[PDB]
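For reference, the structure discussed in these notes is given below.
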Amino acid sequence: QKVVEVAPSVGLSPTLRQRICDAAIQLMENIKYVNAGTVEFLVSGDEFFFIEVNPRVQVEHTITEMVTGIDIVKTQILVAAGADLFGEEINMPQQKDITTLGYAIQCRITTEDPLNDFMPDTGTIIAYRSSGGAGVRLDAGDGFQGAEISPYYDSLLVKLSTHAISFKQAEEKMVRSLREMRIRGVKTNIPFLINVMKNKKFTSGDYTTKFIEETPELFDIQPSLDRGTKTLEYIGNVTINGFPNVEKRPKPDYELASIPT
Amino acid sequence: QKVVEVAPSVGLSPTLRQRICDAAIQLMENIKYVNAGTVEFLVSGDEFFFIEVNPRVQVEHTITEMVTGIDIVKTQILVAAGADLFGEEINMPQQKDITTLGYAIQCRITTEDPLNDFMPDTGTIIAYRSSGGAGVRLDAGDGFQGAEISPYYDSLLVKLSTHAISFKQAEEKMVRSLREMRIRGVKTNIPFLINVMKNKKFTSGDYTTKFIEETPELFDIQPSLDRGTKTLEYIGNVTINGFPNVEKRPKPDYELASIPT
Amino acid sequence: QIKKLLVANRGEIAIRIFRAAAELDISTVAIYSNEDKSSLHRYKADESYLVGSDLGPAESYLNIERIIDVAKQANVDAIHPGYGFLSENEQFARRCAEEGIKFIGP
Ligand SMILES: O=CCCCC[C@@H]1SC[C@@H]2NC(=O)N[C@@H]21
Ligand SMILES: O=CCCCC[C@@H]1SC[C@@H]2NC(=O)N[C@@H]21
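Okay, here's the thing in structure tokens:
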């Protein structure tokens, strides 16, 4: 289960990544591929292997849009209309000029309770704030200040994605939204993505596929008391049902006491 | 009024902008300049002119961040500490590693009413929805939930910037995004903004600061039949003040025998 | 040459495609199951149709022929399968063709 994606790769060498992208155009050139398509590979040192091929867009296309400035999805729709990718409708820069500018990261915020082995939680969403600002991309899914997520589907509140000149800049900046996020009503997985985001083994950029299993210090102790929620709850109780002791009338008017200091 | 900002310049040839930069840099390193700074030129043919310096950030710094991938306001702060530009901290590329990948546009969403002399509107916001997705950047201003905006400050609700490899593509991105926004309870400048975006003579790139003045039809603004809003006004009205000839009873649709078809 | 586009999918990616489609001045049709009654994505498209009265879980997004039903009934020139349902279904791809609906993909 893919948890977090980076564009482009890191630490992984510049020749290596060259021969892999070469190899990608090989397979697809050879069989005359058409539309968006992910060539999968597996990297063991200066050595890779083919795995499979996803013959459609991916969840993590975001990433590749942000480091090259190509709308993949809009392009799909123009390809299927007949577009030359080097005509005036797509504006594909020829392969030689296509670049990456910096590093981007995606993580999908879901309703998986990491306190309960990532069981999708459901119900109404009754408080919702996303983020925004500098090279922060947001793709809304199921989540809005209104209504509810059902057990039937891939839980995914928000695709959240960040972008900077340096990986470590993008990691900070991804952390900083994850926290601004404010979802209430359904538990979520943010707390676990934060710890992934802020792991030393992450930035160093040399992370294996077993990154996760050999790091127990990712599933970690804090349920969060509902600080101001418990407070709205007290206030709302007293207001409707009175305070047991005290002439249950409206809130009396009070002379403002300037307070010496 | 700076109304719409673009980066970089569509209308300048390579060697002009290269000289337009060089000049600015000439000024700034000649007098020791430190931190963020903007040098303004007026441009007629193949000749710049120096106009002013802005010794800080400007609203439209985001547009530069989008195409250089360098966080301007971040660095400001790093610089104030004492960090170096090309050191671990700021990770600024050397002058000839810096580039534009793509083009970005900035729009500032205000409550300035176009039909009424660009005069800031006042009051509570009764509906607020924004944007997101490919190429969209949003910097929160005054708008949310149910802010009252006051007549005391520059009304700026959202800063909206978009980003793609083609300039046209950034435009048609802007217009998507503008058309998505819902701000309710105040007038805004969205339609005027839509109306500059759509304009051939802005898409052409070749535009002068005489643009808005010699394009009168920017002000041609039809309000469309916003069904949704109107229907809520009607239901609200009847719910509270009832119907003419009709007595206030418990609301029918009271046979679950639906309708033969 | 695409005037009207349908998305055989739900959630972020239907939304992603709808935004993409608008950028291109193409009308959009969405589709939803029952329990997707109040999904964001259903509200983000120019047009929206229930996929059949009777279908439950995911079965509602995997029904090749009924999605085509909606597709034909609404004058659609192309379908974007998105990812995760019929995105990778030969049947769907093939049947789209036979009916003059452009399958977006390979
Ligand atoms: O009457 C119901 C509203 C909730 C009352 C709770 C407050 S806390 C202080 C005071 N002492 C109590 O045992 N109950 C009220
Ligand atoms: O004052 C009563 C509430 C207003 C209801 C307005 C509706 S619109 C159709 C019909 N024509 C009227 O003059 N009033 C009702």
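Residue numbers (this note's numbering), protein chains in the order written: chain E, 684 to 944; chain Z, 684 to 944; chain A, -11 to 94.
Backbone N, C-alpha and C define an ideal beta-carbon position, used for all residues, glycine too.
query	result
Any heavy atom of ligand 1 within a distance shorter than 8 Å of the CB on E:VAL921?	yes
What are the residues of the stretch 817 to 846 of chain Z that lie near chain A, defined by any Cβ-Cβ distance shorter than 8 Å?	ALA817
Tell me whether E:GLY925, by its Cβ, gets closer than 8 Å to a heavy atom of ligand 1.	yes
For A:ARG83, I'd like the list of residues in its chain whose CB is within less than 8 Å of its CB, leaving aside the five on either flank, ordered along the chain.	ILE52, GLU53, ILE56
Note down, in chain order, all residues in the stretch 803 to 814 of chain Z with a beta-carbon under 7 Å from any beta-carbon belonging to chain A.	none
Note down, in chain order, all residues in the stretch 758 to 771 of chain Z with a beta-carbon under 7 Å from any beta-carbon belonging to chain E.	none
Can you find a CB in chain A that lies within less than 9 Å of the CB of E:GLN741?	yes
In the DSSP assignment, what residue or residues form a beta bridge with Z:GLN789?	Z:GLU688, Z:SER844
Which bits of chain E does A:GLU0 rub up against, with CB to CB less than 7 Å?	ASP822, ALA823, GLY824, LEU839, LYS842
Go to E:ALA810, then tell me how far its beta strand (DSSP E) extends in each direction, as first and last residue.	810 to 812
Out of curiosity, what's the CA-to-CA distance linking Z:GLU897 and Z:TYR890?	11 Å
Can you tell me which residues form a DSSP beta bridge with A:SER36?	A:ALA18
Mapping DSSP to helix, strand and coil, what is Z:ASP729?	coil
Examine ligand 1 and report whether any of its heavy atoms sits within less than 8 Å of the Cβ of Z:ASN737.	no
Give a yes or no on whether the C-beta atoms belonging to E:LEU839 and E:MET857 are separated by under 9 Å.	no
Quick one: what does DSSP say Z:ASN928 is sitting in, helix, strand or coil?	coil
Confirm the yes/no value for this check: CB of E:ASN882, any heavy atom of ligand 1, distance under 8 Å.	no
Using a C-beta to C-beta distance shorter than 9 Å, which residues of chain Z count as neighbours of E:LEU798?	The contacting residues do not exist; E:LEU798 stays about 29 Å from chain Z at best.
So, with DSSP's three-state summary, where would you put Z:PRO803?	strand
Does the separation of the CB atoms of E:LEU699 and E:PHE731 fall below 9 Å?	yes
Decide yes or no for the touch test of the stretch 865 to 880 of chain Z against the stretch 780 to 792 of chain Z: beta carbon pairs closer than 8 Å, at least 3 of them.	yes
Does ligand 1 have a heavy atom nearer than 8 Å to the CB of Z:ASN878?	no
Comparing the C-beta of Z:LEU908 with each C-beta of chain E, is any distance below 9 Å?	no
Is the Cβ-Cβ distance between A:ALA62 and A:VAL17 less than 9 Å?	yes
Which residues bound the beta strand (DSSP E) around E:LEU821?	819 to 823
Let me know the secondary structure DSSP gives A:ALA46 once reduced to three states.	helix
Are the C-beta atoms of A:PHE80 and some chain E residue less than 9 Å apart?	no
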